[PDB]
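What follows is a single structure, written as structure tokens, with notes after it.
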Amino acid sequence: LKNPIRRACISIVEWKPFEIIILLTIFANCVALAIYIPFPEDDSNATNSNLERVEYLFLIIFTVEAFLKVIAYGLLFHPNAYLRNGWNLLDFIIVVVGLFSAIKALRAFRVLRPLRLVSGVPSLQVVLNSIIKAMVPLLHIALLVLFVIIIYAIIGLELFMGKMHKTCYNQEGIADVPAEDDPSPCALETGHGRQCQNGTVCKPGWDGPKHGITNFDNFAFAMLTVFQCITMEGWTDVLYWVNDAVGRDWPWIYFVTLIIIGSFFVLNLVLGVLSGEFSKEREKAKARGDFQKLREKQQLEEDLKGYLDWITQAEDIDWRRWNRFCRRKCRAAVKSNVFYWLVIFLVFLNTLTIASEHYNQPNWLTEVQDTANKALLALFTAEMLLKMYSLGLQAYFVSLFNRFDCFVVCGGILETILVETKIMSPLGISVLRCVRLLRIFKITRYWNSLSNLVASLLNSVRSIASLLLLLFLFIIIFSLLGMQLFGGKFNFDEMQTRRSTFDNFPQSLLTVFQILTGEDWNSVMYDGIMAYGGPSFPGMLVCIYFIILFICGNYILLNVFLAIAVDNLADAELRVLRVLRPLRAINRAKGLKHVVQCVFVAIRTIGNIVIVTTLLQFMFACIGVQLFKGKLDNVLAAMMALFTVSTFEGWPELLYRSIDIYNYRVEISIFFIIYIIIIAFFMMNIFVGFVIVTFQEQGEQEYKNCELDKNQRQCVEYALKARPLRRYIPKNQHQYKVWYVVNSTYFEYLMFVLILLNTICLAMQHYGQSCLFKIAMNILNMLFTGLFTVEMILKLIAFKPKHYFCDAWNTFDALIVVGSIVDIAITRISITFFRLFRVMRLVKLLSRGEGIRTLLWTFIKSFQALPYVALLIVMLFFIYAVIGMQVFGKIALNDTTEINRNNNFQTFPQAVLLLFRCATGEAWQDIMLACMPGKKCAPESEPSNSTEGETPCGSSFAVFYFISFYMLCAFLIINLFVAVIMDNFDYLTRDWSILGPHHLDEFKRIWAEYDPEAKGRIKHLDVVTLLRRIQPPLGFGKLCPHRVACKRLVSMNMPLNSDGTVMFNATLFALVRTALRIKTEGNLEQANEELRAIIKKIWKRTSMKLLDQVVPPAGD
Ligand SMILES: COCC(CCO[C@H]1CC[C@@]2(C)C(=CC[C@H]3[C@@H]4C[C@@H]5O[C@]6(CC[C@@H](C)CO6)[C@@H](C)[C@@H]5[C@@]4(C)CC[C@@H]32)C1)COC
């Protein structure tokens, strides 16, 4: 605290150019660290030598800036988070520089420098703050995944402990396989791993993972494997591996349960993000009403144009006289609808003429195609001057739509004039055809169903710019960190050209992008860990770097998808055909027939959008193939055919294959971006249309309130049905005191730590097995069983066995006890559920998350509209499963040809498995490509001698059928998501911020619990002793028994039925009165209307009139 001169004279240096120069310095540092040519070890080629010295200048300017800030602010620089981050970065940099100068791991902290750029730039701090704040309330949800990612993993340790040790090394350290087949053990019960290679040896070894990484031993490896499986990428590979290793049909249930739990968790996270976004899309947005401001702006524009037309009419209604007379006729003629129809027909005909190019290269007609184009200019000019003559000079020119048309036509005529002469790289025909596409924008003026969409697309870019910049900066920092960590260490002791590397900046950036997309990232991570950190205790430090790079990346992309949701918010602002019974049976809900009707009535608009996108593709393909891709399918079908393998699963495969003409017009790939991006918007816009359709399907079911209020009506109808309970407690006081004290936070914590160390005994079981650790875990298991028996004995007798089988959680722990006593009576595969019971005790931790279990109570109990969609999806599976049997019979299972014993189809359960695998999108393109007309299918039948060279297996129709199946399944799961989010809208997106009605319900449950006496008639001298604390949020304040004693004892009359008898229902009604607004005695109008309209229109209580016997003491 010192401000005579220096503090006053140093806080003045806060110029805008000062921050500009600081940002320029940061950008220069980022560029300097960008190249930093990596070397194996200390190669001073005069480049890194100078980059070493530049760091001195950067450090000194940063530290003088920090000193200025510290002097200016004193003990206020530190509390700010970003200032503290910058100070810590600077301290680390100066410390490492000093340590190096005194005499290289800390150099990676320099990579953290670009983050400081976001510390000062506006319009980015707010975005990052909103992003980090949105995910906080959902953090608890993420914790659940941890439990899951442990639980099932433990199951594997029980069932797949060292099941990959046995191999099929042919002679000595070499398996009898082409380095691809899993050397499954020569099991005593044959059927899997037969290893019939005419001379085989089955010996223990490591022939599982490509590097011995994802083996189920070494529990951390099991966790890595289950995490890799839970991301929906390559789980079929490990499923086939384990099925070949141990046997068929036994373990698939585990993976199916894992995948369905993962899907449910994804749904839950999406609903949580929905609630987080809705908490701000309406609140604080309807307040300022910026949408109303935009509506006012467009209304003002419309009114201005109308009044200007009025003024033009007024001036026109009265040398020059002939010109004025012709002005009226010119202004009247252009407004005729016949003229507009003729003009639009001419424009469409000309656009068809310029689009008549069918990729041919003739000469007799191409010349005819030339001159007419020039005439089109006249056809695109006559209106123009008329709009400059019929309408005002400054009126028509200023509309933000027709001005674009003027620019387009002027550019087109100038380009035509230019291409009339010679020009290198003309592109004139391309841009002329592109502006002919813009003629359809006039067609877009009519039928505004696309004009509104394109206006929303134009609007959304300004908001999405910040998010895309943040994502680009994020991938930049992560690419820099990846380049620093490896720096060309991808030797692998091999020669084959790896598809990715971290030696140069662009290749590292594209590798990071590919990892973020999740395509083949597992193999890249395996290679990265095997480069230096071989499987061991310190070798896993690399692996975590990948994991974060996915989640913190993907979530952001999902947040970008949430931004897309915000953009959406911006867009919202003949054999066995006897199965007809379900069609008649499912006609009861009637909640989806309207959905089908809306979909099949909007399919026309969907097809029109598909057609216009196909026309755009035709234009782009014509331009590209006429200008490039010169041969040393079709201009409107080749892109579609590529898209059949480029559905966002295969375009990364295209990049993967093309990373090896070569660079001749690679922009098509980026075109394959933009088009897909256009789809990724317009289809999303169609989905946004579907959103509106869902808003019409389910969002229009709000009907009329027909009650006193909107939320207080819900409170009244919720607090009038609440009834008091008793909660009987037995006579045993000592044992129940032991329950209250011992069986409490202490007991649950000790149970959690003991089961955790039990897992450390079983989850962390020794790799392979050792006799010492074996007997250690045996005796520890005996001790655990003993302590479990002791705890259940003290929880059984002390709980008054009469009351033992009453509570629901008591029955749950009773089931746990019965599992334990099964354990002690059997202490064995397929019966070792008791150990799972121990991991089932981990599920008990979820109970301790009562605050989150309500979420579960709203999901698993949400099975009200779920049965209808579930029946629809299972009948879809039935109809699409039984139909494939006869058409794909004799599937021709063969080893290592993508159709094998694991890929078998003739068996019904395996066919279901295959169709489920295709449903999730796990490389179903290969499945589609595995059924060709020329492929032989089980040449065992008598007329299969290939006499005519014909394979009796067409199967060239499953592509369209499976595409339709994928679309239907995606639409149905979207429908179920909409159903569940609508079911939980009055639960999650409610007023849960501070004073949500569910908080009132929880406090009602507290009232049912907070009064242990349960005497029914609680005295006024007794409620002050215990019921003094009523409710913090709803109550007036912490001035018990009543903060407003006068109001709460006069308006709510002091209850004195029997020595101050208070009724639970009467007290709840009093709390409602505190929430509602009715005055003291003499409120006959509002109070009597509320209490007598109960019979008719407020809360139907014609029966159970007991309220009209307890309220007259208080209210009636
Ligand atoms: C009482 O509250 C309702 C009321 C009336 C208006 O209803 C709105 C409620 C949210 C709702 C249904 C609306 C628009 C965008 C909808 C989202 C589009 C995204 O599409 C998905 C589907 C899966 C992905 C393919 C893309 O993301 C979802 C995550 C997202 C979505 C289905 C979540 C729910 C959203 C309309 C006032 O609310 C403003």
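Following the order of the structure tokens, first chain is A, next is B, and so on, with residues numbered from 1 inside each chain and ligands from 1 in the order they appear.
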Around ligand 1, which protein and nucleic acid residues have at least one atom no more than 9 Å from it, if we count only C-alpha atoms and all ligand atoms? List them as a VMD selection string. chain A and resid 267 270 to 271 273 to 275 278 281 to 282 561 to 562 564 to 566 568 to 569 571 to 572 684 687 to 688 690 to 692 694 to 695 698 to 700 702 970 973 to 975 977 to 978 981 to 982 985 to 986 989 to 990
Produce a file of the selected residues containing N, CA and C atoms, as a short mmCIF file (atom, residue, chain, number, x, y, z; two decimals), in the first residue's frame.
```
data_model
loop_
_atom_site.label_atom_id
_atom_site.label_comp_id
_atom_site.auth_asym_id
_atom_site.auth_seq_id
_atom_site.Cartn_x
_atom_site.Cartn_y
_atom_site.Cartn_z
N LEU A 267 -26.62 -40.51 -24.08
CA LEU A 267 -27.93 -39.85 -24.04
C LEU A 267 -28.05 -38.95 -22.81
N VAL A 270 -25.99 -35.84 -23.28
CA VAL A 270 -26.64 -34.94 -24.22
C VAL A 270 -27.80 -34.21 -23.56
N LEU A 271 -28.57 -34.90 -22.72
CA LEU A 271 -29.67 -34.23 -22.02
C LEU A 271 -29.15 -33.21 -21.01
N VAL A 273 -26.33 -31.49 -21.30
CA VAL A 273 -25.91 -30.34 -22.11
C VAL A 273 -27.13 -29.56 -22.60
N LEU A 274 -28.20 -30.28 -22.94
CA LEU A 274 -29.46 -29.63 -23.30
C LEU A 274 -29.94 -28.71 -22.19
N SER A 275 -29.98 -29.23 -20.96
CA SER A 275 -30.44 -28.42 -19.83
C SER A 275 -29.52 -27.23 -19.60
N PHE A 278 -30.32 -24.69 -22.28
CA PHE A 278 -31.64 -24.09 -22.09
C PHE A 278 -31.67 -23.14 -20.91
N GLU A 281 -30.56 -20.05 -22.93
CA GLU A 281 -31.15 -19.69 -24.22
C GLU A 281 -32.45 -18.91 -24.04
N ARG A 282 -33.13 -19.09 -22.91
CA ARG A 282 -34.37 -18.38 -22.61
C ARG A 282 -34.19 -17.35 -21.50
N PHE A 561 -20.70 -28.86 -31.45
CA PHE A 561 -22.02 -29.38 -31.77
C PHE A 561 -23.08 -28.71 -30.91
N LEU A 562 -22.78 -28.51 -29.62
CA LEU A 562 -23.63 -27.66 -28.80
C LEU A 562 -23.69 -26.25 -29.37
N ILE A 564 -23.27 -25.80 -32.53
CA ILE A 564 -24.21 -26.12 -33.60
C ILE A 564 -25.63 -26.14 -33.05
N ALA A 565 -25.82 -26.74 -31.87
CA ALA A 565 -27.09 -26.61 -31.18
C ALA A 565 -27.41 -25.15 -30.90
N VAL A 566 -26.41 -24.38 -30.46
CA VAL A 566 -26.58 -22.94 -30.37
C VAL A 566 -26.88 -22.37 -31.75
N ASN A 568 -28.29 -24.23 -33.97
CA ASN A 568 -29.68 -24.68 -34.01
C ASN A 568 -30.57 -23.76 -33.19
N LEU A 569 -30.07 -23.31 -32.04
CA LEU A 569 -30.76 -22.24 -31.31
C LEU A 569 -30.85 -20.99 -32.18
N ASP A 571 -30.86 -21.24 -35.26
CA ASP A 571 -31.82 -21.72 -36.24
C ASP A 571 -33.21 -21.93 -35.65
N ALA A 572 -33.34 -21.89 -34.33
CA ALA A 572 -34.64 -21.95 -33.67
C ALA A 572 -35.15 -20.58 -33.25
N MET A 684 -28.67 -30.95 -41.04
CA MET A 684 -28.92 -30.47 -39.69
C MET A 684 -30.06 -29.46 -39.68
N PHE A 687 -32.79 -31.44 -39.99
CA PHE A 687 -32.97 -31.88 -38.61
C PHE A 687 -33.52 -30.75 -37.76
N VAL A 688 -33.01 -29.53 -37.96
CA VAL A 688 -33.61 -28.37 -37.31
C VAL A 688 -35.06 -28.23 -37.74
N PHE A 690 -36.78 -30.84 -38.65
CA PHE A 690 -37.28 -31.91 -37.80
C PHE A 690 -37.43 -31.43 -36.36
N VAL A 691 -36.47 -30.64 -35.89
CA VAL A 691 -36.60 -29.99 -34.58
C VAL A 691 -37.92 -29.25 -34.51
N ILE A 692 -38.16 -28.36 -35.47
CA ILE A 692 -39.44 -27.67 -35.53
C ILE A 692 -40.57 -28.68 -35.63
N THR A 694 -40.49 -31.73 -34.47
CA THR A 694 -40.64 -32.21 -33.10
C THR A 694 -41.31 -31.16 -32.23
N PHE A 695 -40.92 -29.89 -32.41
CA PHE A 695 -41.63 -28.81 -31.74
C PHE A 695 -43.10 -28.77 -32.13
N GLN A 698 -44.30 -32.55 -30.43
CA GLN A 698 -44.37 -32.64 -28.98
C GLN A 698 -44.31 -31.29 -28.27
N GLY A 699 -43.70 -30.28 -28.88
CA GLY A 699 -43.63 -28.97 -28.27
C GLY A 699 -44.90 -28.14 -28.35
N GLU A 700 -45.86 -28.56 -29.17
CA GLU A 700 -47.15 -27.89 -29.27
C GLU A 700 -48.20 -28.51 -28.37
N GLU A 702 -48.57 -28.15 -25.25
CA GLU A 702 -48.68 -27.41 -24.01
C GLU A 702 -50.12 -27.05 -23.68
N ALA A 970 -31.45 -44.66 -36.79
CA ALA A 970 -31.03 -43.35 -36.31
C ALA A 970 -32.23 -42.47 -36.01
N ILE A 973 -33.96 -43.80 -32.74
CA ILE A 973 -33.24 -43.46 -31.52
C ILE A 973 -33.32 -41.96 -31.25
N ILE A 974 -33.33 -41.13 -32.31
CA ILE A 974 -33.56 -39.70 -32.12
C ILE A 974 -34.94 -39.45 -31.53
N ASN A 975 -35.94 -40.19 -32.00
CA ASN A 975 -37.29 -40.05 -31.46
C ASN A 975 -37.34 -40.42 -29.99
N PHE A 977 -34.83 -40.28 -27.91
CA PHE A 977 -34.13 -39.20 -27.22
C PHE A 977 -35.06 -38.00 -27.00
N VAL A 978 -35.83 -37.64 -28.03
CA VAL A 978 -36.78 -36.54 -27.90
C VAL A 978 -37.82 -36.87 -26.84
N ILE A 981 -36.18 -36.58 -23.34
CA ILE A 981 -35.88 -35.21 -22.95
C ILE A 981 -37.16 -34.42 -22.69
N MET A 982 -38.24 -34.70 -23.43
CA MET A 982 -39.52 -34.07 -23.13
C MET A 982 -40.07 -34.57 -21.80
N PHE A 985 -38.08 -32.70 -19.21
CA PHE A 985 -38.04 -31.24 -19.31
C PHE A 985 -38.62 -30.58 -18.07
N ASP A 986 -39.74 -31.10 -17.58
CA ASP A 986 -40.31 -30.63 -16.32
C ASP A 986 -39.55 -31.16 -15.11
N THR A 989 -34.76 -29.23 -16.95
CA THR A 989 -34.73 -27.85 -17.44
C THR A 989 -35.62 -26.91 -16.62
N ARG A 990 -36.05 -27.33 -15.44
CA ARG A 990 -36.90 -26.52 -14.58
C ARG A 990 -36.10 -25.50 -13.78
#
```
Quick one: DSSP alpha helix (DSSP H) residues in stretch 610-848 of chain A, as a VMD selection string? chain A and resid 610 to 627 638 to 643 651 to 658 667 to 697 712 to 719 734 to 741 745 to 762 771 to 796 801 to 804 808 to 824 833 to 848
Which residues, written as an MDAnalysis selection string, have at least one atom at most 7 Å from stretch 222-236 of chain A, with only C-alpha atoms counted and residues fewer than 4 positions away on the same chain left out? chainID A and resid 149 153 214:218 240 258:259 262 922
Only N, CA and C atoms, please: the residues just picked out, written as a PDB file, in the first residue's frame.
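Now in selection_13.pdb:
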```pdb
ATOM      1  N   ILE A 149     -16.542 -47.590 -15.857  1.00  0.00           N
ATOM      2  CA  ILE A 149     -15.289 -47.974 -16.486  1.00  0.00           C
ATOM      3  C   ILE A 149     -14.453 -48.848 -15.571  1.00  0.00           C
ATOM      4  N   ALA A 153     -14.775 -53.627 -16.128  1.00  0.00           N
ATOM      5  CA  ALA A 153     -13.368 -54.010 -16.191  1.00  0.00           C
ATOM      6  C   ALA A 153     -13.068 -55.112 -15.184  1.00  0.00           C
ATOM      7  N   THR A 214      -2.979 -54.329 -25.215  1.00  0.00           N
ATOM      8  CA  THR A 214      -4.367 -54.452 -24.789  1.00  0.00           C
ATOM      9  C   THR A 214      -4.701 -55.831 -24.223  1.00  0.00           C
ATOM     10  N   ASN A 215      -3.701 -56.584 -23.768  1.00  0.00           N
ATOM     11  CA  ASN A 215      -3.975 -57.835 -23.073  1.00  0.00           C
ATOM     12  C   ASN A 215      -4.686 -57.555 -21.753  1.00  0.00           C
ATOM     13  N   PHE A 216      -5.568 -58.478 -21.360  1.00  0.00           N
ATOM     14  CA  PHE A 216      -6.427 -58.226 -20.209  1.00  0.00           C
ATOM     15  C   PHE A 216      -5.687 -58.337 -18.882  1.00  0.00           C
ATOM     16  N   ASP A 217      -4.479 -58.894 -18.871  1.00  0.00           N
ATOM     17  CA  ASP A 217      -3.648 -58.828 -17.680  1.00  0.00           C
ATOM     18  C   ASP A 217      -3.117 -57.407 -17.509  1.00  0.00           C
ATOM     19  N   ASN A 218      -2.398 -57.173 -16.407  1.00  0.00           N
ATOM     20  CA  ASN A 218      -1.817 -55.861 -16.118  1.00  0.00           C
ATOM     21  C   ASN A 218      -2.914 -54.792 -16.070  1.00  0.00           C
ATOM     22  N   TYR A 240     -14.097 -60.536 -31.404  1.00  0.00           N
ATOM     23  CA  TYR A 240     -13.715 -61.708 -32.183  1.00  0.00           C
ATOM     24  C   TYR A 240     -12.490 -62.388 -31.587  1.00  0.00           C
ATOM     25  N   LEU A 258     -22.048 -53.487 -22.144  1.00  0.00           N
ATOM     26  CA  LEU A 258     -21.148 -52.339 -22.113  1.00  0.00           C
ATOM     27  C   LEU A 258     -21.554 -51.295 -23.146  1.00  0.00           C
ATOM     28  N   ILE A 259     -21.869 -51.733 -24.366  1.00  0.00           N
ATOM     29  CA  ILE A 259     -22.179 -50.787 -25.432  1.00  0.00           C
ATOM     30  C   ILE A 259     -23.516 -50.093 -25.172  1.00  0.00           C
ATOM     31  N   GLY A 262     -22.970 -47.529 -22.521  1.00  0.00           N
ATOM     32  CA  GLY A 262     -22.322 -46.372 -23.117  1.00  0.00           C
ATOM     33  C   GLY A 262     -23.288 -45.491 -23.887  1.00  0.00           C
ATOM     34  N   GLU A 922     -19.961 -49.447 -37.059  1.00  0.00           N
ATOM     35  CA  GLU A 922     -18.581 -49.904 -36.906  1.00  0.00           C
ATOM     36  C   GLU A 922     -18.138 -50.544 -38.216  1.00  0.00           C
TER      37      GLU A 922
END
```
Which residues are near stretch 761-770 of chain A? Cut-off 9 Å, only C-alpha atoms, ignore same chain within fewer than 4 positions. Put them as JSON, numbers by chain. {"A": [153, 154, 157, 158, 161, 162, 165, 217, 218, 219, 220, 756, 757, 774, 775, 776, 777, 780, 781]}
The selected residues should be written to file as a PDB file, in the first residue's frame (atoms: N, CA, C and O atoms).
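What landed in selection18.pdb:
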```pdb
ATOM      1  N   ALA A 153     -14.775 -53.627 -16.128  1.00  0.00           N
ATOM      2  CA  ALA A 153     -13.368 -54.010 -16.191  1.00  0.00           C
ATOM      3  C   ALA A 153     -13.068 -55.112 -15.184  1.00  0.00           C
ATOM      4  O   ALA A 153     -12.436 -56.123 -15.520  1.00  0.00           O
ATOM      5  N   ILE A 154     -13.562 -54.955 -13.954  1.00  0.00           N
ATOM      6  CA  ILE A 154     -13.353 -55.976 -12.932  1.00  0.00           C
ATOM      7  C   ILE A 154     -13.899 -57.312 -13.409  1.00  0.00           C
ATOM      8  O   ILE A 154     -13.269 -58.362 -13.219  1.00  0.00           O
ATOM      9  N   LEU A 157     -11.432 -59.123 -15.389  1.00  0.00           N
ATOM     10  CA  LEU A 157     -10.382 -59.720 -14.572  1.00  0.00           C
ATOM     11  C   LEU A 157     -10.832 -61.041 -13.968  1.00  0.00           C
ATOM     12  O   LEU A 157     -10.003 -61.919 -13.703  1.00  0.00           O
ATOM     13  N   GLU A 158     -12.137 -61.201 -13.740  1.00  0.00           N
ATOM     14  CA  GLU A 158     -12.648 -62.479 -13.265  1.00  0.00           C
ATOM     15  C   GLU A 158     -12.719 -63.515 -14.379  1.00  0.00           C
ATOM     16  O   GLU A 158     -12.522 -64.708 -14.124  1.00  0.00           O
ATOM     17  N   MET A 161      -8.594 -63.473 -17.065  1.00  0.00           N
ATOM     18  CA  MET A 161      -7.308 -63.380 -16.384  1.00  0.00           C
ATOM     19  C   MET A 161      -6.319 -64.314 -17.073  1.00  0.00           C
ATOM     20  O   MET A 161      -6.369 -65.534 -16.885  1.00  0.00           O
ATOM     21  N   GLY A 162      -5.422 -63.743 -17.870  1.00  0.00           N
ATOM     22  CA  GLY A 162      -4.399 -64.535 -18.538  1.00  0.00           C
ATOM     23  C   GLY A 162      -4.933 -65.535 -19.541  1.00  0.00           C
ATOM     24  O   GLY A 162      -4.382 -66.636 -19.668  1.00  0.00           O
ATOM     25  N   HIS A 165      -2.387 -65.865 -22.816  1.00  0.00           N
ATOM     26  CA  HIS A 165      -1.021 -66.364 -22.684  1.00  0.00           C
ATOM     27  C   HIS A 165      -0.741 -67.479 -23.684  1.00  0.00           C
ATOM     28  O   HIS A 165       0.300 -67.483 -24.349  1.00  0.00           O
ATOM     29  N   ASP A 217      -4.479 -58.894 -18.871  1.00  0.00           N
ATOM     30  CA  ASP A 217      -3.648 -58.828 -17.680  1.00  0.00           C
ATOM     31  C   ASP A 217      -3.117 -57.407 -17.509  1.00  0.00           C
ATOM     32  O   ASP A 217      -3.340 -56.529 -18.348  1.00  0.00           O
ATOM     33  N   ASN A 218      -2.398 -57.173 -16.407  1.00  0.00           N
ATOM     34  CA  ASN A 218      -1.817 -55.861 -16.118  1.00  0.00           C
ATOM     35  C   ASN A 218      -2.914 -54.792 -16.070  1.00  0.00           C
ATOM     36  O   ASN A 218      -3.027 -53.929 -16.941  1.00  0.00           O
ATOM     37  N   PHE A 219      -3.714 -54.882 -15.003  1.00  0.00           N
ATOM     38  CA  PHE A 219      -5.027 -54.255 -14.859  1.00  0.00           C
ATOM     39  C   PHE A 219      -5.157 -52.883 -15.518  1.00  0.00           C
ATOM     40  O   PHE A 219      -6.226 -52.553 -16.043  1.00  0.00           O
ATOM     41  N   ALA A 220      -4.102 -52.067 -15.473  1.00  0.00           N
ATOM     42  CA  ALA A 220      -4.115 -50.818 -16.230  1.00  0.00           C
ATOM     43  C   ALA A 220      -4.373 -51.074 -17.713  1.00  0.00           C
ATOM     44  O   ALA A 220      -5.086 -50.306 -18.371  1.00  0.00           O
ATOM     45  N   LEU A 756     -12.223 -50.890  -1.607  1.00  0.00           N
ATOM     46  CA  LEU A 756     -11.170 -50.393  -2.487  1.00  0.00           C
ATOM     47  C   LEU A 756      -9.891 -51.206  -2.328  1.00  0.00           C
ATOM     48  O   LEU A 756      -9.272 -51.610  -3.318  1.00  0.00           O
ATOM     49  N   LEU A 757      -9.479 -51.464  -1.084  1.00  0.00           N
ATOM     50  CA  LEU A 757      -8.294 -52.294  -0.883  1.00  0.00           C
ATOM     51  C   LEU A 757      -8.558 -53.745  -1.273  1.00  0.00           C
ATOM     52  O   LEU A 757      -7.632 -54.454  -1.681  1.00  0.00           O
ATOM     53  N   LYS A 774      -0.653 -65.229  -4.109  1.00  0.00           N
ATOM     54  CA  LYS A 774      -1.858 -66.052  -4.113  1.00  0.00           C
ATOM     55  C   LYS A 774      -2.338 -66.332  -2.693  1.00  0.00           C
ATOM     56  O   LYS A 774      -3.514 -66.128  -2.370  1.00  0.00           O
ATOM     57  N   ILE A 775      -1.439 -66.800  -1.824  1.00  0.00           N
ATOM     58  CA  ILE A 775      -1.845 -67.060  -0.445  1.00  0.00           C
ATOM     59  C   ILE A 775      -2.177 -65.753   0.268  1.00  0.00           C
ATOM     60  O   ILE A 775      -3.071 -65.716   1.125  1.00  0.00           O
ATOM     61  N   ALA A 776      -1.485 -64.661  -0.076  1.00  0.00           N
ATOM     62  CA  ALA A 776      -1.805 -63.368   0.519  1.00  0.00           C
ATOM     63  C   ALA A 776      -3.229 -62.944   0.179  1.00  0.00           C
ATOM     64  O   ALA A 776      -3.998 -62.545   1.062  1.00  0.00           O
ATOM     65  N   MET A 777      -3.609 -63.038  -1.098  1.00  0.00           N
ATOM     66  CA  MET A 777      -4.965 -62.660  -1.476  1.00  0.00           C
ATOM     67  C   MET A 777      -5.989 -63.638  -0.920  1.00  0.00           C
ATOM     68  O   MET A 777      -7.111 -63.236  -0.610  1.00  0.00           O
ATOM     69  N   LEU A 780      -6.398 -62.607   2.729  1.00  0.00           N
ATOM     70  CA  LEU A 780      -7.091 -61.323   2.743  1.00  0.00           C
ATOM     71  C   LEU A 780      -8.564 -61.486   2.388  1.00  0.00           C
ATOM     72  O   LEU A 780      -9.423 -60.831   2.983  1.00  0.00           O
ATOM     73  N   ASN A 781      -8.876 -62.361   1.427  1.00  0.00           N
ATOM     74  CA  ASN A 781     -10.268 -62.652   1.097  1.00  0.00           C
ATOM     75  C   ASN A 781     -10.992 -63.281   2.278  1.00  0.00           C
ATOM     76  O   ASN A 781     -12.161 -62.973   2.535  1.00  0.00           O
TER      77      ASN A 781
END
```
Name the residues in contact with stretch 787-796 of chain A at a cut-off of 9 Å, using only C-alpha atoms, excluding same-chain residues fewer than 4 positions from it; report them as a PyMOL selection string. chain A and resi 735+739+743+782-783+800-801+804+813-814+817+820-821
Just-selected residues, N, CA, C and O atoms written as a compact mmCIF listing (two decimals), in the first residue's frame:
```
# COMPACT_ATOMS: atom_id res chain seq x y z
N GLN A 735 -29.37 -50.36 20.06
CA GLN A 735 -28.95 -50.84 18.74
C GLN A 735 -29.20 -49.79 17.67
O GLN A 735 -28.39 -49.62 16.75
N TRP A 739 -26.75 -47.82 15.19
CA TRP A 739 -27.01 -47.59 13.77
C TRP A 739 -26.80 -46.12 13.41
O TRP A 739 -26.20 -45.81 12.38
N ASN A 743 -23.07 -46.81 12.15
CA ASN A 743 -23.51 -47.00 10.78
C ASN A 743 -23.88 -45.67 10.15
O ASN A 743 -25.06 -45.36 9.93
N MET A 782 -10.32 -64.18 3.00
CA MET A 782 -10.92 -64.76 4.20
C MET A 782 -11.23 -63.67 5.23
O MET A 782 -12.31 -63.67 5.83
N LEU A 783 -10.29 -62.74 5.43
CA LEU A 783 -10.53 -61.64 6.35
C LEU A 783 -11.69 -60.76 5.89
O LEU A 783 -12.50 -60.30 6.71
N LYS A 800 -33.69 -54.81 14.42
CA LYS A 800 -35.00 -55.31 14.81
C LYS A 800 -35.61 -56.14 13.69
O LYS A 800 -36.48 -55.64 12.96
N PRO A 801 -35.17 -57.41 13.52
CA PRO A 801 -35.56 -58.22 12.35
C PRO A 801 -36.99 -58.05 11.87
O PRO A 801 -37.26 -58.22 10.67
N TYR A 804 -36.40 -55.56 9.61
CA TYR A 804 -35.29 -55.82 8.71
C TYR A 804 -35.74 -55.89 7.25
O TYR A 804 -35.05 -55.40 6.36
N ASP A 813 -29.48 -54.49 0.65
CA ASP A 813 -28.36 -55.04 1.41
C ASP A 813 -28.66 -56.46 1.90
O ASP A 813 -27.73 -57.22 2.13
N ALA A 814 -29.94 -56.84 2.03
CA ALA A 814 -30.27 -58.23 2.31
C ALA A 814 -29.89 -59.13 1.14
O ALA A 814 -29.40 -60.25 1.34
N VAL A 817 -26.30 -59.54 1.36
CA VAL A 817 -25.98 -60.50 2.41
C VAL A 817 -26.18 -61.93 1.92
O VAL A 817 -25.39 -62.83 2.24
N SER A 820 -23.33 -62.83 -0.13
CA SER A 820 -22.16 -63.10 0.71
C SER A 820 -22.24 -64.49 1.34
O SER A 820 -21.23 -65.20 1.42
N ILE A 821 -23.42 -64.88 1.82
CA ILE A 821 -23.55 -66.20 2.44
C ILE A 821 -23.52 -67.31 1.40
O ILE A 821 -23.16 -68.45 1.73
```
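If you measure from each of A:1109, A:335, A:280, A:265 to residue A:146 using only C-alpha atoms, the closest one turns out to be A:265.
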